[PDB]
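There are 4 protein chains.
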Amino acid sequence: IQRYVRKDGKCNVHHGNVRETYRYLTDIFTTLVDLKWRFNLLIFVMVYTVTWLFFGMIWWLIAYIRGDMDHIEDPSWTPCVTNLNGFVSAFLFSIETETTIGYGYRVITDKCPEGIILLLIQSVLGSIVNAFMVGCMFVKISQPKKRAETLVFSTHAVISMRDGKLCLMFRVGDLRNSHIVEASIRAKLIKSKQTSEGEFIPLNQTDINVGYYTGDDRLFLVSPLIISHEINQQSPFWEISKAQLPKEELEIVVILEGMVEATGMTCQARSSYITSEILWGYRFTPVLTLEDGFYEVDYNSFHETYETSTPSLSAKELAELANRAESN
Amino acid sequence: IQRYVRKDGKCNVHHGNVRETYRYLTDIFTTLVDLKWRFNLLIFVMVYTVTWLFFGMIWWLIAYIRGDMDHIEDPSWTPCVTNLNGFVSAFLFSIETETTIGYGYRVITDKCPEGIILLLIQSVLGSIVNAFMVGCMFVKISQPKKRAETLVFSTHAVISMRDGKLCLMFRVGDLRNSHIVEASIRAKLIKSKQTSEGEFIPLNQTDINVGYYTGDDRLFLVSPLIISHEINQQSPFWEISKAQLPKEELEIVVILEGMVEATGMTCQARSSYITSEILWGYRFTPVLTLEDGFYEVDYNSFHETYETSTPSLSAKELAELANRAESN
Amino acid sequence: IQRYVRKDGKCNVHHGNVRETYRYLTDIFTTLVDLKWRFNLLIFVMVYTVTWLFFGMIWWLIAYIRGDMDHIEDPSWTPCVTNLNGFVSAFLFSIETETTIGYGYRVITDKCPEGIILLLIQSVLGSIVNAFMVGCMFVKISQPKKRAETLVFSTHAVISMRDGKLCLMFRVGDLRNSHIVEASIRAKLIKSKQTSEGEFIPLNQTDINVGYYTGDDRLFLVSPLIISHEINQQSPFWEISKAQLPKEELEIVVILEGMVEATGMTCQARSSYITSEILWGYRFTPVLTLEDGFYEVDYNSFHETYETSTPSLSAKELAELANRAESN
Amino acid sequence: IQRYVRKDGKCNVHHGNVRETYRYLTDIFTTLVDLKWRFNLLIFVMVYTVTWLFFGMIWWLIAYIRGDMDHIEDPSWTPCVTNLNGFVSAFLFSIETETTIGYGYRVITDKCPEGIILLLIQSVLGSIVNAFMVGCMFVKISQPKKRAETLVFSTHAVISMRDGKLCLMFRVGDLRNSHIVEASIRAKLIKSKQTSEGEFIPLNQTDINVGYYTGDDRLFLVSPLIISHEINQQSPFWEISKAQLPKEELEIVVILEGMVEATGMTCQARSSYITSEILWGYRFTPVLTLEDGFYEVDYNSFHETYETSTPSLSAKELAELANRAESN
Ligand SMILES: [K+]
Ligand SMILES: [K+]
Ligand SMILES: [K+]
Ligand SMILES: [K+]
Ligand SMILES: [K+]
Ligand code: NA
Ligand code: NA
Ligand code: NA
Ligand code: NA
């Protein structure tokens, strides 16, 4: 079955018929850092080689129009750049200058102002281009989405009874010793619907409660946590029994958002649970054990669940039993 | 008619009679990065050329006061900077030094401490100025407002019935495959008012509810979303019928705020719906279709709406019909 | 009278008897960027001059222990660094190397590995020190608190009647065309108190409501806004009449927090209203006027207020009149 | 007794049996900046020395395959790099080039394109590697967790009566004159539990209320603040008397999260109070005193508490006395 979101977090959507494609060029920086690495590294190589060529020809051109080329056998003549024997030497000086290596076998001189104003322009644009590209690299290396790689979601969501309440539970973890700051968990139920009046709504998102009113959706996440959605009157699973579950066409999107401790930058880790990955009547297997001075987590057991005695009834039907029980 | 906010997000306000203009110089960095590009690139060129000139004259000056200029025919004499034949050579050494190209035809020496302490000062201020300016460039290129270019708002807001409730709806979209992290939507109604007591309040902002109490204002925005404001008792559209709408003098400001995935930086995309852009009795045309392995969006249809059967009554009058219907 | 917070935002508190002062050295970066500019620029100059000296002596030392110094009249002998005639030349090479100007009159050679491993160490530490310091500069220039300079608070808070409710109002503004993203306003009442049991609490902070439950504390701030605190049953001004106000010993701290549009960084602008700056029975003078295509703000009038007819009674006593009025 | 969180903020947990260790390499930047300094500085040294060697051999190799090595006695022959007498000179040119010191005793030439395309590759990768590493340093120096060093938590939590309510109180402070922006305090109670149905939950986190519904959890923190948790019906200390406290097996985790004023980056300071550090019947000793123009804090007294008359009863039992008192 098709899902909206993959277990690893990527989203199965393509944006077609974007009539106004120039917008991608309007915020070029976003397109650049969003590219695949091969394409950054390609552009990176190109941006540098074309500038050095582009200036290299302008350095050659000053030397040509000046007549430096024509008098190389005459020492009386002095050029813009000492030693520009040909079209190759210009390329090298062009790099020697803009990288600011400037070996100084090729050296500029007093004799032309035409050259000085180029060295000037170059150095300036050399800084602006170099910023743009190095900046682009730094951002791409340091970007926070990468942290998501050391944030795990449990492979299944489970439904079982907890202190008399029927609960939907998934487990989350963080493989690093460092932290997710201002950590928080939110969850969205994704399923299509139809209004009384006729409107079909493709992949309708309804927020699932996972601590919003108590601030228990704000996580302190060191050892793995089991996030619990209590299936109450206000739940979208209120009228879903063990029987009905597999015949429902729904998907739970789970989103973990906080700041990578070292870069202040906010990360978003995502995963999905489709109807078949929601185990009814199950419990997560413990992972925590005590050792001398430290609590040790056993990630082998992180995804593992086991079965428990659990009603087949919808949460709603459990209430109906309770209403008669308290009234008895 | 005059609007407060343009559809593209820019705001029609000018800040006149700012008596204390020095404040703009107090936080210079904000003024700089807020400038138009022509003016950054201008200042950028200028800041660099004046330093190189300013030092170039000081390099010339040491050479003049020392008497290096007077003895160029004497090799016994050795200068601060080998080869400073005139006022031009000094400018070149000044750049050769501060860019740190340092071709080394112009080379400093032991003979003057006067020169060494300059090379010292220069290099230090060369780093501080270079930071300030390159930094200023980097910030301006990477700034998040730019993302707003690949965030679209629907061209109209529509009002129609949804599961028995009258709703104001606008649609939002994101043209990129990358994400808006900690995405959230808020909306402000802008219209003037008068208190019982007499006070006129120019462009009074009252927050429009778009999910605040359920956290459904926190968006997971991949494919386009239709943001719904339920027009209930607490709504500012409670007493507005189809008839009255066009004769109201109001404007809805819509604000999308989240973090650009790659730079942790927060973006704010804005748009406005003036009274004439609010289509009563309309529905948004679907955009989502299924393809092999991927959900495809059709942005051609993004802004498109169609008409449906919809009451001409205000939400309030619909309730009055319901009160008698339930009491019947 | 002593205030806790100045009108410009600075806080009248000193942190004395910090026994564990090393902590300031533990997070050195915070102390550095928190310093006055004179002291950054001082340290900046020093950090660079001591490294260049420190290496300069090590460059001199290799040259001394090797015996390069003793043979300068012998060309057969070749040194670590060509041309190190004395203790001054070493300082210059040391800079020429670490700034990477490297004029190359002073050039390293094959003949000693002792020199190569220094050039190596230097270049590496040259990058680490240069990062630390340039970074420190960049941060300090770009820091967001500076924006606060172009965020104004009204000079007074006023109390007057608004649609039958008694309200405490202050006005806020933003002098720039650019934005404060995720803008929000919160306000704290600061006054001492005593518990029934005996405990004196020095400067007790109680949050003042300014939109928290409706999200109207989240500002869209283009033209100036009048922030309104409705003085209701839950207000700390519930039992304060015009008469009692000046004899109360209290201070309202007002805090504006949002993100500078260009740097994603969060700014905090603060101000205070002491009991004497709270004008009872007053209204803010309008500032907004319409011009062709643009709304123009008149900051001359920003702080200005005028008097209106307003009850001398506490909000509580107004309710008591209303209770008998509705019961009549 | 074992705690979950240390008083200084570090967490007693180890992540064992991480089967998928490659993920650490997938987001390498996080692993790098998370390393101990010795290991950054080690890698930093290594990354640079291996590139310079790696290129140095390629520079040597071009010189070898070309036959430059074989003709050093022939001036007719001209090499890729003037002066590459051996395997050592190549290493030096390799650094001279990539650091961009380029002393220019070793200079590239026209004669080989083989060399030019290397200089090209090098300079490009020289920028990418240099970014990666300097960036990594900058991040690590500027990271916000460090601020936590100048944020103190009181050594004990105390329980005493405040205006008729039994309260759990701890005190927090900030040693710097600079601010924590968007400051906020949250607190989690950590103790194991067992569901009716059988499920043991290892270290169950239940959020402790410390201002969430009034926004008094949002701190304006200049002088020290006493954070108060009112022990009401909804409290986890509702049924805990002075008698029972020490026999409970619980731990309160306290978390302070806000932005370092200068870097926009968010900091998280943590501490813990185990059952024995919760003083029943105690009050914090004042720290604030007035001086000419400034409020002075006395951090000697910051942690100090003193005893007061305080009920031995649980908050619940105090209510039961009140129920009969009001009914009397
Ligand atoms: K250089
Ligand atoms: K150089
Ligand atoms: K050089
Ligand atoms: K040189
Ligand atoms: K936030
Ligand atoms: Na962790
Ligand atoms: Na998207
Ligand atoms: Na503004
Ligand atoms: Na402080």
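Residue numbers (the deposited numbering), protein chains in the order written: chain C, 55 to 382; chain U, 55 to 382; chain F, 55 to 382; chain B, 55 to 382.
Think of the CB as a built atom: it goes at the ideal place given N, C-alpha and C, for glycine as much as any other residue.
Assumed close pair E305/B, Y327/B - CB separation to whole angstroms, cut-off 8 Å: 7 Å
Would a C-beta distance cut-off of 8 Å place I195/F and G189/U closer than the cut-off? yes
Residue ranges of each alpha helix (DSSP H) within the segment 163-242 of chain C, 4 or longer: 167-196
Per-residue burial, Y58/U [other beta carbons within 10 Å of its own, 16 or more giving buried]: buried
Buried or exposed for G140/C, going by 16 or more other Cβ atoms inside 10 Å? exposed
Find the nearest neighbour of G110/F within the set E152/F, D122/F and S130/F, judged by alpha-carbon distance. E152/F
Would you say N66/C reaches chain U, if we count a Cβ-Cβ gap shorter than 8 Å as a contact? yes
Whether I244/F touches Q259/F by CB criterion (8 Å): yes
Just checking, does the segment 207-221 of chain C make contact with the segment 235-250 of chain B on the three C-beta pairs under 8 Å criterion? yes
Confirm, please, whether the CB-CB distance from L333/B to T359/B is below 8 Å. yes
Whose C-alpha, out of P365/B, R324/B and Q298/B, is nearest the C-alpha of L205/B? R324/B
Alpha carbon to alpha carbon, how far is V87/C from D81/C? 11 Å
Answer with buried or exposed for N354/B, where buried requires no fewer than 16 other C-beta atoms within 10 angstroms of its C-beta. exposed
Test: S143/B CB closer than 8 Å to a CB of chain C: no
Along the chain, where does the alpha helix (DSSP H) containing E374/U start, and where does it finish? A369 to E380
Cα-Cα separation, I155/B to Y76/B: 38 Å
Compare the C-beta of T163/C with all C-beta atoms of chain B and state if any pair is closer than 8 Å. no
Does the distance between the C-beta of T154/F and the nearest non-hydrogen atom of ligand 1 fall short of 7 Å? yes
Would a check of beta-carbon distances place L173/C closer than 8 Å to chain U? yes
Chain B beta carbons: is any one of them nearer than 8 Å to that of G312/U? no
Starting from the beta carbon of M319/U, find every residue of chain F whose beta carbon is closer than 7 Å, and list them in chain order. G318
Could you give the distance in angstroms between the alpha-carbon of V314/U and the alpha-carbon of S363/U? 40 Å
Residue range of the unbroken alpha helix (DSSP H) whose run includes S282/B: Per DSSP, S282/B belongs to no alpha helix (DSSP H); it is in the beta strand (DSSP E), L279 to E284.
Name the chain U residues whose beta carbon is nearer than 8 Å to that of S177/C? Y102, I149, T153 and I155
Going straight from the alpha carbon of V104/F to that of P278/U, what length do you get? 59 Å
On the DSSP bridge assignment, give the partners of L333/F in chain order. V212/F
Are the segment 113-125 of chain U and the segment 89-104 of chain U touching by the rule of at least three beta carbon pairs closer than 8 Å? no
With DSSP as the reference, label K301/U as helix, strand or coil. helix
heavy atom of ligand 6 below 7 Å from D228/C C-beta: yes
Looking at the structure shown, is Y360/B part of a helix, part of a strand, or coil, going by DSSP? strand
Closer than 7 Å by C-beta to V67/U: which residues in its own chain qualify, once you throw out the five before and the five after it? Chain order, please. none
For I255/F and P365/C, what's the separation of their Cα atoms in angstroms? 54 Å
Do you know whose CA, among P290/U, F338/U and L146/U, lies nearest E361/U's CA? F338/U
Hey, does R337/B have any beta-carbon neighbour from chain F nearer than 8 Å? yes
Verify the CB distance criterion: does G169/F have a CB-CB separation below 8 Å to chain C? no
Is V276/F near ligand 8, with its Cβ less than 7 Å from a heavy atom? yes
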